[PDB]
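Undergrad: Please read through the structure below; I'll follow up with questions.
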Amino acid sequence: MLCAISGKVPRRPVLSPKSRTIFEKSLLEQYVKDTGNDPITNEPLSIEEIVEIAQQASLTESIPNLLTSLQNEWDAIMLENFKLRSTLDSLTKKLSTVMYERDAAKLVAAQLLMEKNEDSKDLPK
Amino acid sequence: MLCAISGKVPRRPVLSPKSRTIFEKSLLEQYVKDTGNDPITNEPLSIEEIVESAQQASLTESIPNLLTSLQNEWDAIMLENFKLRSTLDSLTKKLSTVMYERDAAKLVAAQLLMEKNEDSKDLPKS
Amino acid sequence: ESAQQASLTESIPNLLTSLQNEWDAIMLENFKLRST
Amino acid sequence: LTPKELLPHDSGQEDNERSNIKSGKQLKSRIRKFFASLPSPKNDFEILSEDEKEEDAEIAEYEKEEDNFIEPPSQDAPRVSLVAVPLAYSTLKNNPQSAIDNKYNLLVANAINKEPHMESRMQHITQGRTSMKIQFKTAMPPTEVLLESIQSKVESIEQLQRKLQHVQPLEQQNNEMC
Amino acid sequence: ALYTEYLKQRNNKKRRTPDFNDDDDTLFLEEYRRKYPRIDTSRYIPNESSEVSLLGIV
């Protein structure tokens, strides 16, 4: 029901043979023209590999309002795209702060075991 | 703009109705008088089959080309989301393993600060 | 069973200014054509 | 025993081995992939882990080099760090499911904090004012370099578009008279 | 009706209108301006790569 590139209900769906995934003909072709690969599994796939695989028409309501409806949806999609990008840069940033403290803690463990090794020599004497 | 047989600019274009392709009239007529065929697909084609109203037209410029333009705007923006969604499943998968090895190591740091202080507490009393 | 249209250098306008002029020119012409 | 151009290849290989140990044992996060110096934030975050947060803040200020750099007597680490990583891995289906459940809780917490925002508003318009300074000056440079070349051929386009509307108007009165 | 009245339906020019130090709905407006500038620079970058050549062939 959903193309796993844009999430639209596909109007001319194509399936990849290297990985089980029904894509859209337009979006998969733009990816293959960039790099000859499958977007999910990164396997070598070509345009001739694709096998070209429910349609229900929207009936919105009972025309100048439909202009401002389109204006609002492109306005919302631009913000629903922007908010998902700043979330990606900050979760990678907060992952970076965890990577420094992971490597700093395993250096603090080196001096703490030395204090335990110095203590084990003193307990034996 | 070009003739598919020769490669020149045709001065009298005729389009065939078996394989749609803009051929020059004097070139394709000799091709048909040779054998009754269409040079691209080798299907049968006669001279009367080759062909050179009221609604006035205007040049293709930036309604229809505007609607196909906004398809290109959004189908490219849809690929921009995939660059984000695939990078999010890599950083969060690495964050799950980093926070797990942080949660598994901090229990050892809590025990080493116990053991190295208990061994200092044991040795100094003796 | 290719055409090239050079998009303008000042291509907001495709949402606002270009799209209103297309549905103005569709509306005024056909009404003038019914008057014709 | 007669070495010729071998001690120079051995000194280069010994230098290539010493460079491999210094680059690998420099820092784990800095060598793999990708901050401002702030001693006031290290003083305000003291009141957390309360012992390891001050150890990781000084390790971040030392690796980055109101900033003073003090102790690069920290990272000969490469044999002590291998024994510490192997000892920590030994103390570490059930573990895979508990990590996937906590990752969905952190992803639900990341989607809740972004939903509440959409002080902090004054920084986003200033980033836009930097973007409106940078991109629109890049736009006006790309427009005027285009308009010196395209508006000459727009007039080659639009005046030849005007020839079509007169060739069409002469075609209809001639086909009417035919 | 629009041609008989001769009046056109108004488009949204709010993105030109936005101003600093304003409320949460206008914070959505300024971030909309950032996404439009990144798209406008991307659209200008394609035209520069194409060159006049693309205007020449049409």
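Ordering of the structure tokens sets the chain letters (A, B, ...), residue numbers begin anew at 1 in every chain, and ligands are numbered from 1 in the order given.
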Hey, could you make a per-residue contact list for chain C against chain B with 10 Å as the cut-off, showing the nearest pair of atoms and its distance in Å to one decimal, counting only C-alpha atoms, sorted by chain and number, as JSON lines?

TA:
```
{"residue": "C:1", "atom": "CA", "partner": "B:20", "partner_atom": "CA", "distance": 6.1}
{"residue": "C:3", "atom": "CA", "partner": "B:60", "partner_atom": "CA", "distance": 7.8}
{"residue": "C:4", "atom": "CA", "partner": "B:60", "partner_atom": "CA", "distance": 7.8}
{"residue": "C:5", "atom": "CA", "partner": "B:61", "partner_atom": "CA", "distance": 5.2}
{"residue": "C:6", "atom": "CA", "partner": "B:62", "partner_atom": "CA", "distance": 6.8}
{"residue": "C:7", "atom": "CA", "partner": "B:62", "partner_atom": "CA", "distance": 5.4}
{"residue": "C:8", "atom": "CA", "partner": "B:62", "partner_atom": "CA", "distance": 7.3}
{"residue": "C:11", "atom": "CA", "partner": "B:62", "partner_atom": "CA", "distance": 9.4}
{"residue": "C:14", "atom": "CA", "partner": "B:66", "partner_atom": "CA", "distance": 7.7}
{"residue": "C:15", "atom": "CA", "partner": "B:70", "partner_atom": "CA", "distance": 9.2}
{"residue": "C:18", "atom": "CA", "partner": "B:66", "partner_atom": "CA", "distance": 8.4}
{"residue": "C:19", "atom": "CA", "partner": "B:63", "partner_atom": "CA", "distance": 7.6}
{"residue": "C:21", "atom": "CA", "partner": "B:63", "partner_atom": "CA", "distance": 9.4}
{"residue": "C:22", "atom": "CA", "partner": "B:63", "partner_atom": "CA", "distance": 5.9}
{"residue": "C:23", "atom": "CA", "partner": "B:63", "partner_atom": "CA", "distance": 8.0}
{"residue": "C:25", "atom": "CA", "partner": "B:63", "partner_atom": "CA", "distance": 9.9}
{"residue": "C:26", "atom": "CA", "partner": "B:63", "partner_atom": "CA", "distance": 9.0}
```

Undergrad: For chain B, which residues have at least one atom within 12 Å of chain A, if we go by only C-alpha atoms? Write them as a tab-separated table (two decimals) with N, CA and C atoms, in the first residue's frame, please.

TA:
```tsv
chain	number	residue	atom	x	y	z
B	70	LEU	N	5.78	20.91	-10.36
B	70	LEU	CA	5.57	20.62	-8.95
B	70	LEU	C	5.63	19.13	-8.63
B	71	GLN	N	5.50	18.26	-9.64
B	71	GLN	CA	5.82	16.85	-9.44
B	71	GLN	C	7.30	16.67	-9.17
B	72	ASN	N	8.15	17.35	-9.95
B	72	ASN	CA	9.60	17.26	-9.79
B	72	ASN	C	10.05	17.86	-8.46
B	73	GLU	N	9.37	18.91	-8.00
B	73	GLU	CA	9.67	19.52	-6.70
B	73	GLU	C	9.47	18.53	-5.57
B	74	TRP	N	8.37	17.77	-5.62
B	74	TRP	CA	8.00	16.92	-4.50
B	74	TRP	C	8.65	15.55	-4.58
B	75	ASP	N	8.82	15.00	-5.79
B	75	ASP	CA	9.49	13.71	-5.94
B	75	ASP	C	10.97	13.80	-5.58
B	76	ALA	N	11.57	14.99	-5.73
B	76	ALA	CA	12.92	15.20	-5.23
B	76	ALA	C	12.94	15.39	-3.72
B	77	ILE	N	11.93	16.07	-3.17
B	77	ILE	CA	11.85	16.28	-1.73
B	77	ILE	C	11.54	14.96	-1.02
B	78	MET	N	10.87	14.04	-1.72
B	78	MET	CA	10.62	12.71	-1.17
B	78	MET	C	11.90	11.90	-1.04
B	79	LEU	N	12.83	12.06	-1.99
B	79	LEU	CA	14.14	11.41	-1.85
B	79	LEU	C	14.97	12.06	-0.75
B	80	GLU	N	14.77	13.36	-0.51
B	80	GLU	CA	15.48	14.05	0.56
B	80	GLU	C	15.08	13.51	1.93
B	81	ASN	N	13.83	13.06	2.07
B	81	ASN	CA	13.41	12.45	3.33
B	81	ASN	C	14.06	11.09	3.54
B	82	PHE	N	14.32	10.35	2.46
B	82	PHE	CA	14.93	9.03	2.61
B	82	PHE	C	16.39	9.12	3.04
B	83	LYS	N	17.10	10.16	2.60
B	83	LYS	CA	18.47	10.40	3.07
B	83	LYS	C	18.52	10.61	4.58
B	84	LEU	N	17.46	11.26	5.10
B	84	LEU	CA	17.19	11.48	6.56
B	84	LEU	C	16.73	10.21	7.30
B	85	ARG	N	15.78	9.45	6.74
B	85	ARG	CA	15.20	8.30	7.43
B	85	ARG	C	16.20	7.15	7.53
B	86	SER	N	17.03	6.99	6.50
B	86	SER	CA	18.04	5.94	6.51
B	86	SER	C	19.22	6.32	7.41
B	87	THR	N	19.51	7.62	7.51
B	87	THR	CA	20.56	8.06	8.43
B	87	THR	C	20.08	8.04	9.88
B	88	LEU	N	18.77	8.16	10.10
B	88	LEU	CA	18.24	8.09	11.46
B	88	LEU	C	18.26	6.67	12.01
B	89	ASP	N	18.04	5.67	11.15
B	89	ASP	CA	18.10	4.28	11.60
B	89	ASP	C	19.53	3.79	11.80
B	90	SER	N	20.53	4.56	11.38
B	90	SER	CA	21.92	4.24	11.68
B	90	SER	C	22.40	4.90	12.96
B	91	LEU	N	22.03	6.16	13.19
B	91	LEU	CA	22.47	6.85	14.41
B	91	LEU	C	21.73	6.34	15.64
B	92	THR	N	20.44	6.02	15.51
B	92	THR	CA	19.69	5.50	16.66
B	92	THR	C	20.06	4.05	16.95
B	93	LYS	N	20.45	3.28	15.94
B	93	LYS	CA	20.96	1.93	16.19
B	93	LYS	C	22.32	1.99	16.87
B	94	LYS	N	23.15	2.97	16.49
B	94	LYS	CA	24.41	3.18	17.18
B	94	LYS	C	24.20	3.80	18.56
B	95	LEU	N	23.12	4.57	18.74
B	95	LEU	CA	22.84	5.14	20.06
B	95	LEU	C	22.33	4.08	21.02
B	96	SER	N	21.58	3.11	20.51
B	96	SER	CA	21.09	2.02	21.34
B	96	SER	C	22.24	1.15	21.85
B	97	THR	N	23.24	0.91	21.01
B	97	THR	CA	24.39	0.13	21.45
B	97	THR	C	25.36	0.95	22.30
B	98	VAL	N	25.41	2.27	22.09
B	98	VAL	CA	26.31	3.11	22.89
B	98	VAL	C	25.73	3.32	24.28
B	99	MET	N	24.41	3.54	24.37
B	99	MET	CA	23.78	3.70	25.67
B	99	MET	C	23.70	2.39	26.43
B	100	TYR	N	23.71	1.26	25.72
B	100	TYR	CA	23.74	-0.03	26.39
B	100	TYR	C	25.12	-0.32	26.97
B	101	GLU	N	26.18	-0.06	26.20
B	101	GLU	CA	27.53	-0.27	26.72
B	101	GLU	C	27.90	0.79	27.75
B	102	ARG	N	27.22	1.94	27.73
B	102	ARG	CA	27.38	2.90	28.82
B	102	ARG	C	26.66	2.43	30.08
B	103	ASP	N	25.48	1.82	29.92
B	103	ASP	CA	24.75	1.31	31.08
B	103	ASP	C	25.41	0.05	31.64
B	104	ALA	N	26.11	-0.71	30.80
B	104	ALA	CA	26.77	-1.92	31.27
B	104	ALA	C	28.14	-1.64	31.88
B	105	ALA	N	28.78	-0.52	31.52
B	105	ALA	CA	30.10	-0.21	32.06
B	105	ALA	C	30.01	0.60	33.35
B	106	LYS	N	28.97	1.42	33.49
B	106	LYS	CA	28.83	2.26	34.69
B	106	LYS	C	28.52	1.44	35.94
B	107	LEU	N	28.04	0.20	35.79
B	107	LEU	CA	27.92	-0.69	36.94
B	107	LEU	C	29.28	-1.22	37.37
B	108	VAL	N	30.22	-1.33	36.44
B	108	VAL	CA	31.58	-1.74	36.78
B	108	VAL	C	32.36	-0.58	37.40
B	109	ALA	N	32.10	0.65	36.94
B	109	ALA	CA	32.73	1.81	37.54
B	109	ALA	C	32.23	2.04	38.96
B	110	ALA	N	30.95	1.73	39.21
B	110	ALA	CA	30.40	1.84	40.55
B	110	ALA	C	30.96	0.78	41.49
B	111	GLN	N	31.38	-0.37	40.95
B	111	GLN	CA	31.97	-1.40	41.79
B	111	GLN	C	33.46	-1.19	42.00
B	112	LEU	N	34.16	-0.56	41.04
B	112	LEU	CA	35.59	-0.32	41.22
B	112	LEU	C	35.84	0.81	42.21
B	113	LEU	N	34.98	1.84	42.21
B	113	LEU	CA	35.09	2.88	43.24
B	113	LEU	C	34.72	2.33	44.61
B	114	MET	N	33.92	1.27	44.66
B	114	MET	CA	33.68	0.58	45.92
B	114	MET	C	34.90	-0.24	46.32
B	115	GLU	N	35.44	-1.05	45.40
B	115	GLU	CA	36.50	-1.99	45.74
B	115	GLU	C	37.83	-1.29	46.01
B	116	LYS	N	38.15	-0.23	45.25
B	116	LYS	CA	39.41	0.47	45.49
B	116	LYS	C	39.33	1.34	46.74
B	117	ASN	N	38.13	1.76	47.15
B	117	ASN	CA	38.00	2.47	48.42
B	117	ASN	C	37.88	1.51	49.59
B	118	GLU	N	37.23	0.35	49.39
B	118	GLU	CA	37.17	-0.67	50.44
B	118	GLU	C	38.55	-1.25	50.73
B	119	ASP	N	39.38	-1.41	49.70
B	119	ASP	CA	40.74	-1.87	49.91
B	119	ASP	C	41.60	-0.80	50.56
B	120	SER	N	41.28	0.48	50.33
B	120	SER	CA	41.95	1.54	51.07
B	120	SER	C	41.40	1.64	52.49
B	121	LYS	N	40.12	1.33	52.68
B	121	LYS	CA	39.55	1.30	54.03
B	121	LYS	C	40.06	0.10	54.82
B	122	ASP	N	40.34	-1.02	54.14
B	122	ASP	CA	40.80	-2.21	54.84
B	122	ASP	C	42.26	-2.09	55.25
B	123	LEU	N	43.10	-1.58	54.36
B	123	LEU	CA	44.54	-1.52	54.56
B	123	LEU	C	44.93	-0.46	55.59
B	124	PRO	N	44.28	0.71	55.58
B	124	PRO	CA	44.67	1.76	56.54
B	124	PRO	C	44.28	1.45	57.97
B	125	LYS	N	43.20	0.69	58.19
B	125	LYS	CA	42.82	0.30	59.54
B	125	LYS	C	43.81	-0.70	60.13
B	126	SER	N	44.40	-1.53	59.28
B	126	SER	CA	45.34	-2.54	59.72
B	126	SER	C	46.70	-1.92	60.04
```

Undergrad: Using only C-alpha atoms, determine which residues of chain E fall within 7 Å of chain A; present them as a PDB file with N, CA and C atoms, in the first residue's frame.

TA:
```pdb
ATOM      1  N   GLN E   9      -8.882  35.313  -6.970  1.00  0.00           N
ATOM      2  CA  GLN E   9      -8.725  34.794  -5.617  1.00  0.00           C
ATOM      3  C   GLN E   9      -7.328  35.098  -5.086  1.00  0.00           C
ATOM      4  N   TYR E  32       9.595  28.319   7.718  1.00  0.00           N
ATOM      5  CA  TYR E  32       9.134  28.179   6.339  1.00  0.00           C
ATOM      6  C   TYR E  32      10.002  28.991   5.385  1.00  0.00           C
ATOM      7  N   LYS E  35      13.255  26.963   4.736  1.00  0.00           N
ATOM      8  CA  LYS E  35      13.076  25.872   3.781  1.00  0.00           C
ATOM      9  C   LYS E  35      12.889  26.398   2.362  1.00  0.00           C
TER      10      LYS E  35
END
```

Undergrad: Would you mind reading off the distance between CA of residue 37 in chain E and CA of residue 131 in chain D, one decimal, in Å?

TA: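 It comes out at 7.4 Å.
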
Undergrad: Tell me, which residues of chain E carry DSSP alpha helix (DSSP H), written as an MDAnalysis selection string?

TA: chainID E and resid 2:5 24:50 53:57

Undergrad: So that each row is one residue of chain D with an atom at most 12 Å from chain E, can you give its shortest atom pair and the distance in Å to one decimal, using only C-alpha atoms, rows by chain and rising number, as a Markdown table?

TA:
```
| residue | atom | partner | partner_atom | distance |
| --- | --- | --- | --- | --- |
| D:115 | CA | E:28 | CA | 11.8 |
| D:116 | CA | E:24 | CA | 10.2 |
| D:117 | CA | E:24 | CA | 8.0 |
| D:118 | CA | E:28 | CA | 6.6 |
| D:119 | CA | E:21 | CA | 9.2 |
| D:120 | CA | E:27 | CA | 9.6 |
| D:121 | CA | E:27 | CA | 6.3 |
| D:122 | CA | E:21 | CA | 6.2 |
| D:123 | CA | E:21 | CA | 9.8 |
| D:124 | CA | E:31 | CA | 7.3 |
| D:125 | CA | E:30 | CA | 6.1 |
| D:126 | CA | E:20 | CA | 8.6 |
| D:127 | CA | E:34 | CA | 8.5 |
| D:128 | CA | E:34 | CA | 5.7 |
| D:129 | CA | E:34 | CA | 9.0 |
| D:130 | CA | E:34 | CA | 9.9 |
| D:131 | CA | E:34 | CA | 7.1 |
| D:132 | CA | E:37 | CA | 7.2 |
| D:133 | CA | E:37 | CA | 10.3 |
| D:134 | CA | E:37 | CA | 9.7 |
| D:135 | CA | E:41 | CA | 6.2 |
| D:136 | CA | E:37 | CA | 7.6 |
| D:137 | CA | E:41 | CA | 10.1 |
| D:138 | CA | E:41 | CA | 7.6 |
| D:139 | CA | E:41 | CA | 6.5 |
| D:140 | CA | E:44 | CA | 9.8 |
| D:141 | CA | E:44 | CA | 10.0 |
| D:142 | CA | E:44 | CA | 6.8 |
| D:143 | CA | E:44 | CA | 7.9 |
| D:144 | CA | E:48 | CA | 11.3 |
| D:145 | CA | E:48 | CA | 9.0 |
| D:146 | CA | E:52 | CA | 7.6 |
| D:147 | CA | E:52 | CA | 10.0 |
| D:148 | CA | E:52 | CA | 10.3 |
| D:149 | CA | E:52 | CA | 6.7 |
| D:150 | CA | E:52 | CA | 6.5 |
| D:151 | CA | E:55 | CA | 10.1 |
| D:152 | CA | E:52 | CA | 10.4 |
| D:153 | CA | E:55 | CA | 7.3 |
| D:154 | CA | E:55 | CA | 8.2 |
| D:155 | CA | E:55 | CA | 11.4 |
| D:156 | CA | E:56 | CA | 9.6 |
| D:157 | CA | E:58 | CA | 8.4 |
| D:158 | CA | E:58 | CA | 11.6 |
| D:160 | CA | E:58 | CA | 11.6 |
| D:161 | CA | E:58 | CA | 11.7 |
```

Undergrad: Just to confirm, what's the straight-line distance from CA of residue 12 in chain C to CA of residue 15 in chain E in Å (one decimal)?

TA: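 That distance, rounded to one decimal, is 8.3 Å.
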
Undergrad: Measuring atom to atom with only C-alpha atoms, identify which of E:17, E:11, E:57, E:1 is nearest to residue 66 in chain A.

TA: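 Closest residue, counting only C-alpha atoms: E:11.
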
Undergrad: Report, in Å with one decimal, the straight-line distance from CA of residue 23 in chain D to CA of residue 107 in chain A.

TA: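 Atom-to-atom, CA of residue 23 in chain D to CA of residue 107 in chain A, that is 16.9 Å.
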
Undergrad: With only C-alpha atoms considered, list every residue of chain D at most 8 Å from chain A, as a count of residues only.

TA: 16

Undergrad: Taking only C-alpha atoms into account, name the residue in C:16, C:24, C:36, C:29 that is nearest to chain A.

TA: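 Closest to chain A, using only C-alpha atoms: C:16.
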